[PDB]
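Colleague: One file is attached below, run_24.cif, containing mmCIF, N, CA and C atoms.
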```cif
data_query
loop_
_atom_site.label_atom_id
_atom_site.label_comp_id
_atom_site.auth_asym_id
_atom_site.auth_seq_id
_atom_site.Cartn_x
_atom_site.Cartn_y
_atom_site.Cartn_z
N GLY P 1027 1.98 11.86 8.76
CA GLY P 1027 0.85 11.40 9.55
C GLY P 1027 0.75 12.08 10.90
N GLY P 1028 0.62 13.40 10.88
CA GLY P 1028 0.47 14.15 12.11
C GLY P 1028 0.27 15.63 11.84
N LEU P 1029 0.76 16.47 12.74
CA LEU P 1029 0.61 17.91 12.56
C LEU P 1029 1.06 18.37 11.19
N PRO P 1030 2.16 17.86 10.63
CA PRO P 1030 2.48 18.19 9.24
C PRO P 1030 1.40 17.77 8.26
N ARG P 1031 0.76 16.61 8.49
CA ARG P 1031 -0.32 16.19 7.61
C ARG P 1031 -1.50 17.14 7.70
N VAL P 1032 -1.88 17.53 8.92
CA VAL P 1032 -2.97 18.49 9.08
C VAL P 1032 -2.64 19.80 8.38
N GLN P 1033 -1.41 20.28 8.54
CA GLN P 1033 -0.99 21.47 7.81
C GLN P 1033 -0.97 21.22 6.30
N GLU P 1034 -0.72 19.98 5.89
CA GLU P 1034 -0.72 19.66 4.47
C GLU P 1034 -2.12 19.77 3.87
N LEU P 1035 -3.15 19.43 4.66
CA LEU P 1035 -4.52 19.46 4.16
C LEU P 1035 -5.07 20.88 4.13
N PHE P 1036 -4.91 21.63 5.23
CA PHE P 1036 -5.43 22.99 5.28
C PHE P 1036 -4.71 23.92 4.31
N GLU P 1037 -3.50 23.58 3.88
CA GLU P 1037 -2.75 24.42 2.97
C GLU P 1037 -2.99 24.07 1.50
N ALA P 1038 -3.78 23.03 1.22
CA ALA P 1038 -4.11 22.64 -0.14
C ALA P 1038 -2.84 22.36 -0.95
N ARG P 1039 -2.01 21.46 -0.43
CA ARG P 1039 -0.77 21.08 -1.07
C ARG P 1039 -0.86 19.65 -1.60
N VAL P 1040 -0.09 19.37 -2.63
CA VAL P 1040 -0.02 18.00 -3.17
C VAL P 1040 0.67 17.10 -2.15
N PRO P 1041 0.07 15.98 -1.76
CA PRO P 1041 0.65 15.17 -0.68
C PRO P 1041 2.05 14.67 -1.02
N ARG P 1042 2.78 14.29 0.02
CA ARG P 1042 4.14 13.78 -0.16
C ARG P 1042 4.13 12.51 -0.99
N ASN P 1043 3.42 11.48 -0.52
CA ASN P 1043 3.22 10.25 -1.28
C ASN P 1043 1.81 10.29 -1.85
N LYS P 1044 1.70 10.49 -3.16
CA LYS P 1044 0.42 10.71 -3.81
C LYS P 1044 -0.34 9.38 -3.90
N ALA P 1045 -1.45 9.40 -4.63
CA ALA P 1045 -2.28 8.21 -4.82
C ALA P 1045 -3.40 8.51 -5.81
N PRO P 1046 -3.63 7.63 -6.78
CA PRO P 1046 -4.64 7.91 -7.81
C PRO P 1046 -6.06 7.70 -7.30
N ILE P 1047 -6.97 8.51 -7.85
CA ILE P 1047 -8.40 8.33 -7.67
C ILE P 1047 -8.99 7.91 -9.01
N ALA P 1048 -9.93 6.98 -8.98
CA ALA P 1048 -10.53 6.48 -10.21
C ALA P 1048 -11.18 7.61 -10.99
N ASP P 1049 -10.76 7.79 -12.24
CA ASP P 1049 -11.36 8.81 -13.09
C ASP P 1049 -12.69 8.36 -13.68
N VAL P 1050 -12.97 7.05 -13.66
CA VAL P 1050 -14.22 6.51 -14.17
C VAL P 1050 -14.53 5.23 -13.39
N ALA P 1051 -15.77 4.78 -13.49
CA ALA P 1051 -16.24 3.61 -12.75
C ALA P 1051 -16.21 2.37 -13.62
N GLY P 1052 -15.85 1.25 -13.01
CA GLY P 1052 -15.78 -0.01 -13.72
C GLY P 1052 -14.82 -0.97 -13.05
N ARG P 1053 -14.77 -2.18 -13.60
CA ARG P 1053 -13.85 -3.19 -13.09
C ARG P 1053 -12.41 -2.81 -13.42
N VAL P 1054 -11.48 -3.39 -12.66
CA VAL P 1054 -10.06 -3.06 -12.77
C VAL P 1054 -9.30 -4.29 -13.26
N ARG P 1055 -8.35 -4.06 -14.16
CA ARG P 1055 -7.39 -5.08 -14.58
C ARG P 1055 -6.04 -4.69 -14.00
N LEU P 1056 -5.59 -5.44 -13.00
CA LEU P 1056 -4.38 -5.12 -12.26
C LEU P 1056 -3.23 -6.01 -12.70
N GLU P 1057 -2.08 -5.39 -12.98
CA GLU P 1057 -0.88 -6.10 -13.39
C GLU P 1057 0.31 -5.61 -12.58
N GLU P 1058 1.21 -6.53 -12.24
CA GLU P 1058 2.44 -6.20 -11.52
C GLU P 1058 3.59 -6.23 -12.51
N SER P 1059 4.16 -5.06 -12.79
CA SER P 1059 5.39 -4.99 -13.57
C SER P 1059 6.58 -5.28 -12.66
N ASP P 1060 7.79 -5.20 -13.22
CA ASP P 1060 9.00 -5.36 -12.41
C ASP P 1060 9.13 -4.17 -11.47
N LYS P 1061 9.02 -4.41 -10.16
CA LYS P 1061 9.11 -3.35 -9.16
C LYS P 1061 8.16 -2.20 -9.49
N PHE P 1062 6.99 -2.55 -10.02
CA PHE P 1062 6.02 -1.55 -10.44
C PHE P 1062 4.62 -2.16 -10.42
N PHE P 1063 3.63 -1.27 -10.50
CA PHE P 1063 2.22 -1.64 -10.55
C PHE P 1063 1.57 -0.98 -11.75
N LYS P 1064 0.59 -1.67 -12.33
CA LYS P 1064 -0.25 -1.11 -13.38
C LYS P 1064 -1.69 -1.48 -13.11
N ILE P 1065 -2.57 -0.48 -13.07
CA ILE P 1065 -3.99 -0.67 -12.82
C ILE P 1065 -4.76 -0.06 -13.98
N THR P 1066 -5.48 -0.90 -14.72
CA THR P 1066 -6.31 -0.47 -15.83
C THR P 1066 -7.78 -0.61 -15.44
N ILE P 1067 -8.55 0.45 -15.65
CA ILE P 1067 -9.96 0.47 -15.31
C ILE P 1067 -10.76 0.23 -16.59
N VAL P 1068 -11.43 -0.92 -16.65
CA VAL P 1068 -12.36 -1.22 -17.73
C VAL P 1068 -13.73 -0.66 -17.33
N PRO P 1069 -14.18 0.44 -17.91
CA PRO P 1069 -15.39 1.10 -17.42
C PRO P 1069 -16.66 0.35 -17.80
N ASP P 1070 -17.65 0.44 -16.91
CA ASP P 1070 -18.99 -0.01 -17.26
C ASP P 1070 -19.55 0.77 -18.44
N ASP P 1071 -19.05 1.99 -18.67
CA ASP P 1071 -19.47 2.80 -19.80
C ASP P 1071 -19.20 2.11 -21.13
N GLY P 1072 -18.29 1.14 -21.17
CA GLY P 1072 -17.90 0.54 -22.42
C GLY P 1072 -17.08 1.43 -23.31
N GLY P 1073 -16.41 2.43 -22.74
CA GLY P 1073 -15.63 3.37 -23.51
C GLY P 1073 -14.14 3.16 -23.39
N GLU P 1074 -13.38 4.25 -23.46
CA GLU P 1074 -11.93 4.17 -23.45
C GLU P 1074 -11.42 3.60 -22.14
N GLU P 1075 -10.52 2.62 -22.23
CA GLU P 1075 -9.87 2.08 -21.05
C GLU P 1075 -8.94 3.13 -20.44
N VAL P 1076 -9.09 3.37 -19.15
CA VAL P 1076 -8.26 4.33 -18.42
C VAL P 1076 -7.16 3.55 -17.71
N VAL P 1077 -5.91 3.87 -18.02
CA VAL P 1077 -4.75 3.15 -17.51
C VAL P 1077 -3.94 4.07 -16.61
N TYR P 1078 -3.48 3.52 -15.49
CA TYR P 1078 -2.53 4.18 -14.60
C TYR P 1078 -1.24 3.37 -14.65
N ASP P 1079 -0.23 3.90 -15.33
CA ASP P 1079 0.88 3.08 -15.80
C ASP P 1079 1.74 2.56 -14.66
N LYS P 1080 2.38 3.47 -13.91
CA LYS P 1080 3.40 3.09 -12.94
C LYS P 1080 3.00 3.56 -11.55
N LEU P 1081 3.00 2.63 -10.60
CA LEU P 1081 2.78 2.94 -9.19
C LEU P 1081 3.75 2.11 -8.36
N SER P 1082 4.52 2.79 -7.51
CA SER P 1082 5.52 2.09 -6.70
C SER P 1082 4.86 1.02 -5.84
N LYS P 1083 5.52 -0.14 -5.76
CA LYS P 1083 5.01 -1.23 -4.94
C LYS P 1083 4.97 -0.90 -3.46
N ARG P 1084 5.60 0.20 -3.04
CA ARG P 1084 5.65 0.53 -1.62
C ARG P 1084 4.34 1.12 -1.10
N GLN P 1085 3.56 1.77 -1.97
CA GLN P 1085 2.32 2.40 -1.52
C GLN P 1085 1.21 1.39 -1.25
N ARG P 1086 1.36 0.15 -1.69
CA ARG P 1086 0.38 -0.90 -1.39
C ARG P 1086 -0.93 -0.53 -2.09
N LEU P 1087 -2.08 -0.84 -1.50
CA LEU P 1087 -3.38 -0.54 -2.10
C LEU P 1087 -4.36 -0.14 -1.00
N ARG P 1088 -5.46 0.48 -1.42
CA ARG P 1088 -6.50 0.85 -0.48
C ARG P 1088 -7.27 -0.39 -0.03
N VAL P 1089 -7.49 -0.50 1.28
CA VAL P 1089 -8.13 -1.68 1.85
C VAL P 1089 -9.64 -1.58 1.73
N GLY P 1098 -11.61 -6.31 1.06
CA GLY P 1098 -10.91 -5.12 1.52
C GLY P 1098 -9.87 -4.62 0.54
N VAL P 1099 -8.68 -5.23 0.58
CA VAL P 1099 -7.61 -4.81 -0.32
C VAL P 1099 -8.04 -5.05 -1.77
N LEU P 1100 -7.57 -4.18 -2.66
CA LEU P 1100 -7.93 -4.28 -4.07
C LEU P 1100 -7.38 -5.56 -4.68
N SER P 1101 -8.18 -6.18 -5.54
CA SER P 1101 -7.79 -7.37 -6.28
C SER P 1101 -8.36 -7.28 -7.68
N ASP P 1102 -7.83 -8.12 -8.57
CA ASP P 1102 -8.25 -8.08 -9.97
C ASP P 1102 -9.72 -8.43 -10.09
N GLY P 1103 -10.49 -7.54 -10.72
CA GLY P 1103 -11.91 -7.73 -10.91
C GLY P 1103 -12.79 -6.94 -9.97
N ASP P 1104 -12.21 -6.27 -8.98
CA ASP P 1104 -13.01 -5.50 -8.03
C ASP P 1104 -13.64 -4.29 -8.72
N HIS P 1105 -14.91 -4.04 -8.39
CA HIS P 1105 -15.61 -2.88 -8.91
C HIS P 1105 -15.19 -1.63 -8.15
N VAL P 1106 -15.05 -0.52 -8.87
CA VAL P 1106 -14.53 0.72 -8.30
C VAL P 1106 -15.47 1.86 -8.67
N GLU P 1107 -16.04 2.51 -7.66
CA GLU P 1107 -16.80 3.73 -7.89
C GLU P 1107 -15.86 4.89 -8.20
N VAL P 1108 -16.43 5.96 -8.73
CA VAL P 1108 -15.67 7.09 -9.26
C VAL P 1108 -14.64 7.58 -8.25
N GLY P 1109 -15.10 8.22 -7.18
CA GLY P 1109 -14.22 8.92 -6.27
C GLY P 1109 -13.38 8.06 -5.35
N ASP P 1110 -13.34 6.75 -5.60
CA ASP P 1110 -12.60 5.86 -4.71
C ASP P 1110 -11.09 6.01 -4.91
N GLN P 1111 -10.35 5.89 -3.81
CA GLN P 1111 -8.90 5.92 -3.86
C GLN P 1111 -8.37 4.53 -4.22
N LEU P 1112 -7.30 4.50 -5.03
CA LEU P 1112 -6.77 3.24 -5.50
C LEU P 1112 -5.72 2.66 -4.55
N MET P 1113 -4.52 3.24 -4.56
CA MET P 1113 -3.42 2.74 -3.75
C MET P 1113 -3.23 3.62 -2.52
N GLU P 1114 -2.88 2.98 -1.40
CA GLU P 1114 -2.86 3.65 -0.11
C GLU P 1114 -1.98 4.90 -0.15
N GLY P 1115 -2.48 5.98 0.42
CA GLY P 1115 -1.75 7.23 0.44
C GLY P 1115 -2.70 8.38 0.71
N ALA P 1116 -2.29 9.57 0.25
CA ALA P 1116 -3.09 10.78 0.38
C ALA P 1116 -3.44 11.27 -1.02
N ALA P 1117 -4.74 11.28 -1.33
CA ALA P 1117 -5.17 11.69 -2.65
C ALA P 1117 -5.07 13.21 -2.81
N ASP P 1118 -4.73 13.64 -4.02
CA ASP P 1118 -4.62 15.07 -4.31
C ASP P 1118 -5.98 15.74 -4.16
N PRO P 1119 -6.13 16.71 -3.24
CA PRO P 1119 -7.42 17.41 -3.14
C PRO P 1119 -7.83 18.09 -4.43
N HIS P 1120 -6.88 18.67 -5.16
CA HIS P 1120 -7.19 19.27 -6.45
C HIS P 1120 -7.68 18.23 -7.45
N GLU P 1121 -7.30 16.96 -7.26
CA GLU P 1121 -7.72 15.92 -8.19
C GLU P 1121 -9.17 15.53 -7.96
N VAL P 1122 -9.55 15.30 -6.70
CA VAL P 1122 -10.95 14.97 -6.41
C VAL P 1122 -11.84 16.18 -6.66
#
```
Let me see the file written as structure tokens.
Modeller:
Amino acid sequence: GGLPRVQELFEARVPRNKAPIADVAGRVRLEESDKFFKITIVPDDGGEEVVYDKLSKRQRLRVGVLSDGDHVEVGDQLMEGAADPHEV
């Protein structure tokens, strides 16, 4: 979170602590595993459910804060962190 972060962005590098971006739009089914997180996106498209299996409980969520049933637009960030520029 500083000059290294700025250098991280201009250099097009994968962030230290990553974070998923929604691959499709729709409501989310959120589950807490043992010392883990699982976020499943039920798309408005009515198609294949997109699942993000394991996310460390330390990264928290994007604020407000995500809860079960919240609608998610495509490019929205899920859990707090730095999203992969190559991913968006």
Colleague: List the residues matched by the PyMOL selection byres ((chain P and resi 1108) around 8) in the displayed structure as a PyMOL selection string, ordered by chain and then by residue number.
Modeller: chain P and resi 1047-1052+1105-1107+1109-1111
Colleague: Report as CSV the residues of segment 1031-1061 of chain P within 6.5 Å of segment 1086-1103 of chain P, each with its shortest atom pair and distance in Å (one decimal), using all atoms listed in the file, ordered by chain and increasing residue number.
Modeller:
```
residue,atom,partner,partner_atom,distance
P:1053,CA,P:1103,C,5.0
P:1054,C,P:1103,N,4.3
P:1055,N,P:1103,N,5.3
P:1056,N,P:1102,CA,4.8
```
Colleague: How would you write, as a PDB file with N, CA and C atoms, keeping the file's coordinate frame, the residues chosen by the PyMOL selection byres ((chain P and resi 1113-1119) around 7) on this structure?
Modeller:
```pdb
ATOM      1  N   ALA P1038      -3.780  23.030   1.220  1.00  0.00           N
ATOM      2  CA  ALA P1038      -4.110  22.640  -0.140  1.00  0.00           C
ATOM      3  C   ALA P1038      -2.840  22.360  -0.950  1.00  0.00           C
ATOM      4  N   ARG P1039      -2.010  21.460  -0.430  1.00  0.00           N
ATOM      5  CA  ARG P1039      -0.770  21.080  -1.070  1.00  0.00           C
ATOM      6  C   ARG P1039      -0.860  19.650  -1.600  1.00  0.00           C
ATOM      7  N   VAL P1040      -0.090  19.370  -2.630  1.00  0.00           N
ATOM      8  CA  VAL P1040      -0.020  18.000  -3.170  1.00  0.00           C
ATOM      9  C   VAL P1040       0.670  17.100  -2.150  1.00  0.00           C
ATOM     10  N   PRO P1041       0.070  15.980  -1.760  1.00  0.00           N
ATOM     11  CA  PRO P1041       0.650  15.170  -0.680  1.00  0.00           C
ATOM     12  C   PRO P1041       2.050  14.670  -1.020  1.00  0.00           C
ATOM     13  N   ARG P1042       2.780  14.290   0.020  1.00  0.00           N
ATOM     14  CA  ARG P1042       4.140  13.780  -0.160  1.00  0.00           C
ATOM     15  C   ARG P1042       4.130  12.510  -0.990  1.00  0.00           C
ATOM     16  N   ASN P1043       3.420  11.480  -0.520  1.00  0.00           N
ATOM     17  CA  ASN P1043       3.220  10.250  -1.280  1.00  0.00           C
ATOM     18  C   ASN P1043       1.810  10.290  -1.850  1.00  0.00           C
ATOM     19  N   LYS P1044       1.700  10.490  -3.160  1.00  0.00           N
ATOM     20  CA  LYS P1044       0.420  10.710  -3.810  1.00  0.00           C
ATOM     21  C   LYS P1044      -0.340   9.380  -3.900  1.00  0.00           C
ATOM     22  N   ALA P1045      -1.450   9.400  -4.630  1.00  0.00           N
ATOM     23  CA  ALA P1045      -2.280   8.210  -4.820  1.00  0.00           C
ATOM     24  C   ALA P1045      -3.400   8.510  -5.810  1.00  0.00           C
ATOM     25  N   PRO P1046      -3.630   7.630  -6.780  1.00  0.00           N
ATOM     26  CA  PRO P1046      -4.640   7.910  -7.810  1.00  0.00           C
ATOM     27  C   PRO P1046      -6.060   7.700  -7.300  1.00  0.00           C
ATOM     28  N   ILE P1047      -6.970   8.510  -7.850  1.00  0.00           N
ATOM     29  CA  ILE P1047      -8.400   8.330  -7.670  1.00  0.00           C
ATOM     30  C   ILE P1047      -8.990   7.910  -9.010  1.00  0.00           C
ATOM     31  N   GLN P1085       3.560   1.770  -1.970  1.00  0.00           N
ATOM     32  CA  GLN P1085       2.320   2.400  -1.520  1.00  0.00           C
ATOM     33  C   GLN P1085       1.210   1.390  -1.250  1.00  0.00           C
ATOM     34  N   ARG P1086       1.360   0.150  -1.690  1.00  0.00           N
ATOM     35  CA  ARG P1086       0.380  -0.900  -1.390  1.00  0.00           C
ATOM     36  C   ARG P1086      -0.930  -0.530  -2.090  1.00  0.00           C
ATOM     37  N   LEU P1087      -2.080  -0.840  -1.500  1.00  0.00           N
ATOM     38  CA  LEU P1087      -3.380  -0.540  -2.100  1.00  0.00           C
ATOM     39  C   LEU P1087      -4.360  -0.140  -1.000  1.00  0.00           C
ATOM     40  N   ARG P1088      -5.460   0.480  -1.420  1.00  0.00           N
ATOM     41  CA  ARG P1088      -6.500   0.850  -0.480  1.00  0.00           C
ATOM     42  C   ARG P1088      -7.270  -0.390  -0.030  1.00  0.00           C
ATOM     43  N   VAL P1089      -7.490  -0.500   1.280  1.00  0.00           N
ATOM     44  CA  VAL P1089      -8.130  -1.680   1.850  1.00  0.00           C
ATOM     45  C   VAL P1089      -9.640  -1.580   1.730  1.00  0.00           C
ATOM     46  N   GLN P1111     -10.350   5.890  -3.810  1.00  0.00           N
ATOM     47  CA  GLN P1111      -8.900   5.920  -3.860  1.00  0.00           C
ATOM     48  C   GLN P1111      -8.370   4.530  -4.220  1.00  0.00           C
ATOM     49  N   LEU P1112      -7.300   4.500  -5.030  1.00  0.00           N
ATOM     50  CA  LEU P1112      -6.770   3.240  -5.500  1.00  0.00           C
ATOM     51  C   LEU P1112      -5.720   2.660  -4.550  1.00  0.00           C
ATOM     52  N   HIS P1120      -6.880  18.670  -5.160  1.00  0.00           N
ATOM     53  CA  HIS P1120      -7.190  19.270  -6.450  1.00  0.00           C
ATOM     54  C   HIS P1120      -7.680  18.230  -7.450  1.00  0.00           C
ATOM     55  N   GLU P1121      -7.300  16.960  -7.260  1.00  0.00           N
ATOM     56  CA  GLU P1121      -7.720  15.920  -8.190  1.00  0.00           C
ATOM     57  C   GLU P1121      -9.170  15.530  -7.960  1.00  0.00           C
ATOM     58  N   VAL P1122      -9.550  15.300  -6.700  1.00  0.00           N
ATOM     59  CA  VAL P1122     -10.950  14.970  -6.410  1.00  0.00           C
ATOM     60  C   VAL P1122     -11.840  16.180  -6.660  1.00  0.00           C
TER      61      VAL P1122
END
```
Colleague: Take the PyMOL selection byres (((chain P and resi 1078 and name CA) around 8) and name CA), run it mentally on this structure, and tell me the resulting residues as a PDB file with N, CA and C atoms, in the frame of the given file.
Modeller:
```
ATOM      1  N   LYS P1064       0.590  -1.670 -12.330  1.00  0.00           N
ATOM      2  CA  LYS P1064      -0.250  -1.110 -13.380  1.00  0.00           C
ATOM      3  C   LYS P1064      -1.690  -1.480 -13.110  1.00  0.00           C
ATOM      4  N   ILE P1065      -2.570  -0.480 -13.070  1.00  0.00           N
ATOM      5  CA  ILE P1065      -3.990  -0.670 -12.820  1.00  0.00           C
ATOM      6  C   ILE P1065      -4.760  -0.060 -13.980  1.00  0.00           C
ATOM      7  N   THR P1066      -5.480  -0.900 -14.720  1.00  0.00           N
ATOM      8  CA  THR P1066      -6.310  -0.470 -15.830  1.00  0.00           C
ATOM      9  C   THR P1066      -7.780  -0.610 -15.440  1.00  0.00           C
ATOM     10  N   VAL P1076      -9.090   3.370 -19.150  1.00  0.00           N
ATOM     11  CA  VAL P1076      -8.260   4.330 -18.420  1.00  0.00           C
ATOM     12  C   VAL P1076      -7.160   3.550 -17.710  1.00  0.00           C
ATOM     13  N   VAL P1077      -5.910   3.870 -18.020  1.00  0.00           N
ATOM     14  CA  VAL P1077      -4.750   3.150 -17.510  1.00  0.00           C
ATOM     15  C   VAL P1077      -3.940   4.070 -16.610  1.00  0.00           C
ATOM     16  N   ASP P1079      -0.230   3.900 -15.330  1.00  0.00           N
ATOM     17  CA  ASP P1079       0.880   3.080 -15.800  1.00  0.00           C
ATOM     18  C   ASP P1079       1.740   2.560 -14.660  1.00  0.00           C
ATOM     19  N   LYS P1080       2.380   3.470 -13.910  1.00  0.00           N
ATOM     20  CA  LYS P1080       3.400   3.090 -12.940  1.00  0.00           C
ATOM     21  C   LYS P1080       3.000   3.560 -11.550  1.00  0.00           C
ATOM     22  N   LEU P1081       3.000   2.630 -10.600  1.00  0.00           N
ATOM     23  CA  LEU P1081       2.780   2.940  -9.190  1.00  0.00           C
ATOM     24  C   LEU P1081       3.750   2.110  -8.360  1.00  0.00           C
TER      25      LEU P1081
END
```
Colleague: Mind giving me the straight-line distance from atom N of residue 1082 of chain P to atom N of residue 1104 of chain P in Å, one decimal?
Modeller: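 Going from atom N of residue 1082 of chain P over to atom N of residue 1104 of chain P, I get 19.1 Å.
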Colleague: Can you list every residue in segment 1045-1115 of chain P that DSSP puts in strand (DSSP E), as a list in words?
Modeller: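 Residues meeting the strand (DSSP E) criterion: residues 1052, 1053, 1054, 1055, 1056, 1057, 1058, 1059, 1062, 1063, 1064, 1065, 1066, 1067, 1068, 1069, 1076, 1077, 1078, 1079, 1080, 1081, 1105 and 1106 of chain P.
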Colleague: One decimal, Å: what's the distance from atom CA of residue 1069 of chain P over to atom N of residue 1057 of chain P, could you say?
Modeller: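 Separation of atom CA of residue 1069 of chain P and atom N of residue 1057 of chain P: 15.5 Å.
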Colleague: In Å, rounded to a single decimal, give me how far atom CA of residue 1084 of chain P is from atom N of residue 1028 of chain P.
Modeller: 18.6 Å
